[PDB]
Amino acid sequence: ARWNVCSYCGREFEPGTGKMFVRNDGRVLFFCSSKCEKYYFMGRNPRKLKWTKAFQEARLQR
Amino acid sequence: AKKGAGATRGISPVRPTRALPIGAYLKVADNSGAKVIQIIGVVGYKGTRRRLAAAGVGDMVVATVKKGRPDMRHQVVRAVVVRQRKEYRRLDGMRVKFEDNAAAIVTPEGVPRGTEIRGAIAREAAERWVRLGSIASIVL
Amino acid sequence: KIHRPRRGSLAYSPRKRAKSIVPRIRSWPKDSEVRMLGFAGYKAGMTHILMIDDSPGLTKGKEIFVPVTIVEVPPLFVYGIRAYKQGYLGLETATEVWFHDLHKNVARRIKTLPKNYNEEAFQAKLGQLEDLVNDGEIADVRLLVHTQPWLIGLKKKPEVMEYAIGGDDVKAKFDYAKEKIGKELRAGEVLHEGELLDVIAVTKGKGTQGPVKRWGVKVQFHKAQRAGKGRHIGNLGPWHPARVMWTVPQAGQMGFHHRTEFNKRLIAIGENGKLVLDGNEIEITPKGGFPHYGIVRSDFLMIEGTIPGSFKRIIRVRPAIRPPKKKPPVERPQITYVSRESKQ
RNA sequence: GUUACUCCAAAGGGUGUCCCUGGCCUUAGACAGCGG
RNA sequence: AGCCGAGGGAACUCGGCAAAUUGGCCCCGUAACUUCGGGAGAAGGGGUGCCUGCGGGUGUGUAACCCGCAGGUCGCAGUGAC
RNA sequence: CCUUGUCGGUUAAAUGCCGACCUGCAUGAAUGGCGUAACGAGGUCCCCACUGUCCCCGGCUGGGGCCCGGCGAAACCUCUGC
RNA sequence: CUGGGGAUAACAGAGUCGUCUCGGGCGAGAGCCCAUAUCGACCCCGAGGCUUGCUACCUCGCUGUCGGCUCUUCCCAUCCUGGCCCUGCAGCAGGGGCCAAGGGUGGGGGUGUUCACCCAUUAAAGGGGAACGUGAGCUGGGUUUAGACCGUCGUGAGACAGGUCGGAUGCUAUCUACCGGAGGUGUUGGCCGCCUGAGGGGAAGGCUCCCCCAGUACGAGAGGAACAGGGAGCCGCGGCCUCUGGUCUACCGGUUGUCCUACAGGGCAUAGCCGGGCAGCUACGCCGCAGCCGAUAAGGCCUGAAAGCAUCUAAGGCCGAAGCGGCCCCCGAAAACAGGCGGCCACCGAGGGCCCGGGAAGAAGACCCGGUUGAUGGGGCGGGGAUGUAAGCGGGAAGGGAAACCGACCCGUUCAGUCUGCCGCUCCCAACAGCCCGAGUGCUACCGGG
Ligand SMILES: [Zn+2]
């Protein structure tokens with residue numbers, strides 16, 4: 001019973017949900033929902049969206 | 001036991017979803033002369049009226065060689081699936097998926113051809129065929 | 001020629017709306033433990049857990065994913081004892097005894113309740129029943145039960161039912177019954193944790209449907225789709241016999257059928273809406289409640305998997321009548337996680 | 001089988017049972033068992 | 001009569017019927033064969049919004065219509081619909 | 001005609017299509033013969049791309065169908081109708 | 001073209017069965033020798049009506065058709081799946097025969113094809129009937145019109161059971177039949193509730209692979225089994241939406257073109273187009289689907305005579321199948337012996353319907369919960385969720401201009417604003433006022449009390 005962490009919006013999501021994406025080079029990604037995954041593969045920037053944590057990580061770099 | 005010290009098979013607990021039907025083109029991930037293959041059948045499958053056979057990860061398929069080196073084309077081979085783009089559930093409930101559809105060419109009795117799988121492969125394939133994990137430098 | 005199996009089952013025919021909304025139990029199992037052979041409740045919702053597998057087969061000893069249905073079960077009130085004798089063909093009722101002080105809301109179902117009927121007469125009638133049961137003309141004893149929805153706030157009009165008792169004898173059954181009449185039954189006094197159950201209920205309504213969805217008929221070719229006959233079947237039959245047979249797929253009522261389901265494991269019985277894991281006390285109701293059902297207050301059951309019916313519907317469980325030979329143990333499995341997150 | 005005819009099966013076979021006929025045997029015959 | 005459909009991609013059918021793909025403009029680059037006129041928009045590829053500005057052609061023109069370039073920035077998408 | 005002629009190529013698999021052969025049942029030179037660029041809502045075989053054609057179907061929209069008020073026919077019809 | 005024909009063909013039916021499919025008797029001979037493991041000639045005797053013919057009994061405007069798709073059902077002369085017997089059966093297998101019709105018998109290539117041929121798999125990829133099942137069910141490739149081309153035949157008009165291109169697909173269901181839904185009468189008084197279950201339906205389950213048994217028995221070696229036990233999947237069936245995907249013309253955002261003067265907020269362009277999406281529906285997701293008791297078939301045995309011995313049978317016993325019956329699921333008091341129990345009314349009034357507020361149910365009807373002994377709908381207050389940080393104000397911004405000032409976009413105020421076909425509390429508004437159906441009569445022939 002591990003709580004995993006989304007690679008798009010950075011939050012902890014519960015056992016029995018989500019997705020793992022594997023690249024052919026062995027690197028792995030975790031997704032909490034369909035939205036985060038679609039935005040990732042579409043190319044959106046989570047660092048401009050105030051509902052992620054990349055936003056605060058950038059608020060620092062300002 | 002009878003003969004278990006050196007074998008080719010095993011048991012997986014997952015049974016992934018069947019997502020690649022007849023007529024599908026898979027990439028070849030192993031270092032054999034083959035580059036692309038087309039599925040013409042699925043081993044150990046019985047169906048009904050108007051249904052096509054379909055395979056997933058860990059399944060062996062009868063295939064044709066479309067592109068590849070001259071001594072391999074228009075030949076019928078057998079191949080194990082190692083990756084698929086459609087998801088499939090693991091026991092803890094999390095779901096898994098890959099980037100493309102790949103296969104390794106093998107012998108009708110499990111022994112593989114080739115000597116190195118370029119890329120990652122799924123764990124269920126390696127649990128079911130014990131000689132693949134001995135080739136690939138990434139198992140997930 | 002080409003062969004395939006037929007489309008649909010002829011074992012659930014006629015496929016017609018159920019005679020009643022309260023289900024019906026036709027047969028009862030062979031139990032030796034003298035106890036009531038069932039309970040009833042109202043369905044609340046679904047969720048999921050993670051548990052260590054106790055059941056035989058590989059995957060045993062691992063952490064897996066198990067979906068779960070929560071069934072809300074307030075206590076029952078026992079108000080009746082009913083005797084049966086043997087007639088020319090089968091059983092037939094012989095005598096009934098009711099309790100005197102019954103709730104004001106039972107007359108919402110049984111309008112015509114008795115008028116004088118004090119404890120004097122109640123005890124006299126009980127005595128008559130006992131002097132009859134000690135004779136020999138008696139074949140089995142059953143209990144009469146009603147639900148109490150006023151406790152959870154769901155409704156007032158109750159449900160009334162008749163349940164059986166375990167054992168080969170009738171005087172042990174009568175002792176049990178005479179001890180239980182006039183009082184309340186809770187689910188922990190009857191059901192064990194880990195039992196296999198058969199669930200019995202009435203399914204959801206879908207309405208009038210066509211044969212494609214109701215029997216599995218194959219949609220027709222795209223030329224027929226452009227002709228006006230895609231979701232139709234082709235043939236009502238041959239020339240001889242010169243009538244339509246009852247085996248030919250047609251349209252009609254889909255849903256609201258009386259169904260049964262075998263071998264659903266009871267995992268947990270809780271008290272007052274909380275589940276006391278080994279470690280700490282916890283709630284089951286999720287954040288924001290259950291959709292289309294509010295909060296859980298009284299008592300509840302965890303059932304492995306799915307069951308027939310919509311949420312607020314009345315369910316009836318019994319101990320398994322058709323169990324396998326390799327049973328899982330009777331004890332609450334090790335639960336590692338229960339989901340309280342929003343289900344809407 | 002319970003079919004006048006309209007509308008209904010054979011060649012080949014049977015220590016199934018009931019009967020006719022003609023040879024050979026018989027006061028020790030035709031099987032058994034005990035031995036030559 | 002219409003809109004969307006995961007994973008596969010004609011395995012459907014007499015037959016890829018029906019639907020879908022492409023799609024405007026500028027620049028680059030374009031075969032066989034040929035009645036030397038064509039083929040040819042062959043094929044194949046890149047670009048394309050808003051804002052702040054700089055220049056050119058005709059013209060008396062801080063009138064009017066046209067032609068080239070740099071920088072900044074927003075979005076999954078700039079012939080954004082038609 | 002015998003005929004799915006035979007050899008080769010194209011497919012995992014070819015009563016097909018294309019290229020060669022010639023015992024042309026019953027080709028043939030203005031009832032024209034052999035070719036042929038460009039053209040064809042002409043017949044025909046392959047490749048790439050594209051797709052709900054198919055595996056295998058699901059969901060949504062508008063108009064009908066269904067209920068209510070109003071106006072108001074016809075084709076058919078020996079009698080009947082397990 | 002007309003007038004007519006089943007007095008007369010092609011097409012399906014009836015009749016018949018030479019032909020056809022499926023069989024049998026006898027024993028020549030072949031099988032190292034050995035008539036019967038297997039094959040069985042020459043000759044003789046048959047079943048069926050699934051090929052084809054013969055005839056011309058029905059039908060000449062009923063319908064004229066081949067193949068394919070869809071859908072249901074039957075036979076056994078059994079391809080696999082269960083059980084057995086003989087072998088020229090060591091094992092693995094093969095060959096030949098008996099019972100058995102519960103289940104299964106698929107996907108593709110060229111061809112209009114049926115069949116036939118080929119590929120890769122499979123436990124195996126059986127053959128037939130139902131008006132050559134099935135056009136008031138579709139299609140329309142072939143075939144039999146009207147157009148045109150080639151080859152042959154013909155002086156010619158023209159023909160070819162020779163090839164090729166192209167070539168119309170109508171219906172408002174009168175009666176019955178079937179699927180589902182309602183309203184009556186009856187059940188010898190009316191109404192509540194709860195039960196029995198006569199009968200009917202069922203495949204609700206069928207099959208395969210792996211480990212072990214065991215590199216064991218068997219076998220010179222090569223090779224190579226079985227009973228018991230553990231597990232997994234495919235086809236089929238019945239359900240659910242916690243998880244994952246799809247849709248979501250509720251909702252949130254971004255943007256093009258034009259119009260409302262510009263901002264702001266809006267209309268139209270398929271919801272204008274794009275992106276995300278809760279409830280709900282759905283599968284590409286997930287849960288569930290006993291082998292046991294009884295009686296039998298082929299077969300294997302006991303006792304046992306006819307026929308002092310023998311003999312599975314004549315009389316009598318014991319065993320023995322995926323097949324029959326029951327246990328299990330679905331429907332079911334109109335089951336005409338038209339049921340049983342408890343209670344309430346009748347001999348004014350028990351109960352019910354309309355009506356009101358809603359859905360967990362729905363084509364109309366029916367069904368379920370509530371109706372001030374009240375949280376049924378709305379509102380207000382809060383919880384949870386979906387999008388994704390509102391307008392206005394303040395500051396910055398590539399660069400321009402004498403300067404005032406322009407200026408796409410960025411930061412802050414701001415997990416914001418908008419929305420909620422989801423939950424909870426709270427009588428602030430409305431579930432009021434009412435109106436109708438309704439059993440109620442008796443006699444002889446009686447049963448048991450009076
Ligand atoms: Zn996320």
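As a convention, Cβ positions derive from the backbone with ideal geometry for all residues, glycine included, and neighbour counts pool all protein chains shown. Readers should treat all values here as calculations from the given coordinates under stated rules, not as data from a laboratory.
So is C:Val276 free of Cβ contacts under 8 Å to residues at least 40 places away in the same chain and among the hydrophobic types (A, V, I, L, M, F, W, C) or not? Yes.
Any residue at all in region C:26-43 that's within 14 Å of another protein chain (Cβ to nearest Cβ), in contact (Cβ under 8 Å) with a residue 60 or more places away in the chain, in a strand (DSSP E or B) and on the phi < 0 side of the Ramachandran plot? It would help to see each step written out before you state the result.
Going through region C:26-43, the residues within 14 Å of another protein chain (Cβ to nearest Cβ) turn out to be none.
No: region C:26-43 contains no residue that is within 14 Å of another protein chain (Cβ to nearest Cβ), in contact (Cβ under 8 Å) with a residue 60 or more places away in the chain, in a strand (DSSP E or B) and on the phi < 0 side of the Ramachandran plot.
Pairing each residue of region B:23-45 that is within 12 Å of B:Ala79 (Cβ to Cβ) and part of a strand (DSSP E or B) with any residue that is more than 8 Å from RNA strand E (Cβ to nearest atom) and among the hydroxyl-bearing types (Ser, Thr, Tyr), provided the two are 6+ apart or on different chains, yields C-beta distances under 9 Å for B:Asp30/B:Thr115; B:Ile37/B:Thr64; B:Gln38/B:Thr64; B:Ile39/B:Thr64; B:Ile40/B:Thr64. Within region A:1-42, the residues that satisfy the criterion of being among the small types (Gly, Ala, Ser) and either at the interface with another protein chain (Cβ under 9 Å from one of its Cβ atoms) or within 11 Å of RNA strand G (Cβ to nearest atom) (or both) are A:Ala1, A:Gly10, A:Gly16, A:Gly18, A:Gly26, A:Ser33, A:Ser34.
Can C:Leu10 be described as away from chain B (no Cβ under 14 Å), over 22 Å from C:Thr306 (Cα atoms) and more than 24 Å from the chain's Cα centre (by Cα)?
Details: away from chain B (no Cβ under 14 Å): yes; over 22 Å from C:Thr306 (Cα atoms): yes; more than 24 Å from the chain's Cα centre (by Cα): no.
Judged against the criteria, C:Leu10 is not a match.
For region B:76-86, the count of residues that are of a type outside the set (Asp, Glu), out of contact with any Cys (no Cβ under 7 Å at 6 or more places or on another chain), within 14 Å of another protein chain (Cβ to nearest Cβ) and within 12 Å of RNA strand F (Cβ to nearest atom) is at least one.
In the set (1) outside any strand (DSSP E or B); (2) within 15 Å of RNA strand F (Cβ to nearest atom); (3) away from every other protein chain (no Cβ under 14 Å), the condition left unmet by B:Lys67 is number (1).
Scanning region B:112-131 for residues that are closer than 14 Å to B:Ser32 by Cα and of a type in the set (A, V, I, L, M) yields a single hit, B:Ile117.
On the stretch given as region B:87-109, residues that are under 11 Å from the mean Cα position of the chain (by Cα) and away from chain A (no Cβ under 11 Å) total 5. What about A:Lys50, is it within 7 Å of RNA strand G (Cβ to nearest atom) and assigned to a helix (DSSP H, G or I)? So A:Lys50 does not fit the description; no. In region A:22-35, the residues that are more than 14 Å from B:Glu87 (Cα to Cα) form Cβ pairs under 8 Å with partners that are near RNA strand G (Cβ under 7 Å from one of its atoms) and among the polar types (S, T, N, Q), at six or more places apart or across chains, as follows: A:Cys32/A:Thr17. Given the criteria in a loop (DSSP other than H, G, I, E, B) and under 14 Å from the mean Cα position of the chain (by Cα), does B:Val57 qualify? Considered against the rule, which asks whether it is in a loop (DSSP other than H, G, I, E, B) and under 14 Å from the mean Cα position of the chain (by Cα), B:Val57 comes out as yes.
Looking only at region B:90-108, decide whether some residue is surrounded by 13 or more Cβ atoms within 10 Å (Cβ to Cβ) and within 16 Å of the ligand (Cβ to nearest atom). Within region B:90-108 (the criterion being surrounded by 13 or more Cβ atoms within 10 Å (Cβ to Cβ) and within 16 Å of the ligand (Cβ to nearest atom)), the answer is yes, since at least one residue qualifies. Among the residues of region B:38-50, the ones that are surrounded by 11 or more Cβ atoms within 10 Å (Cβ to Cβ) and more than 19 Å from B:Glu109 (Cβ to Cβ) come to 3 in all.
If you go through region A:1-21 and pick out every residue that is touching a residue at least 24 places away in the same chain (Cβ under 8 Å), away from RNA strand E (no atom under 16 Å from the Cβ) and assigned to a loop (DSSP other than H, G, I, E, B), you end up with 4.
Screening B:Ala125 on (1) assigned to a helix (DSSP H, G or I); (2) within 14 Å of another protein chain (Cβ to nearest Cβ); (3) farther than 18 Å from A:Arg23 by Cα shows it passes everything except condition (3). As a summary of the residue check, C:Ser55 satisfies the conditions (1) surrounded by 16 or more Cβ atoms within 10 Å (Cβ to Cβ); (2) within 14 Å of another protein chain (Cβ to nearest Cβ); (3) part of a loop (DSSP other than H, G, I, E, B) except for the one numbered (1).
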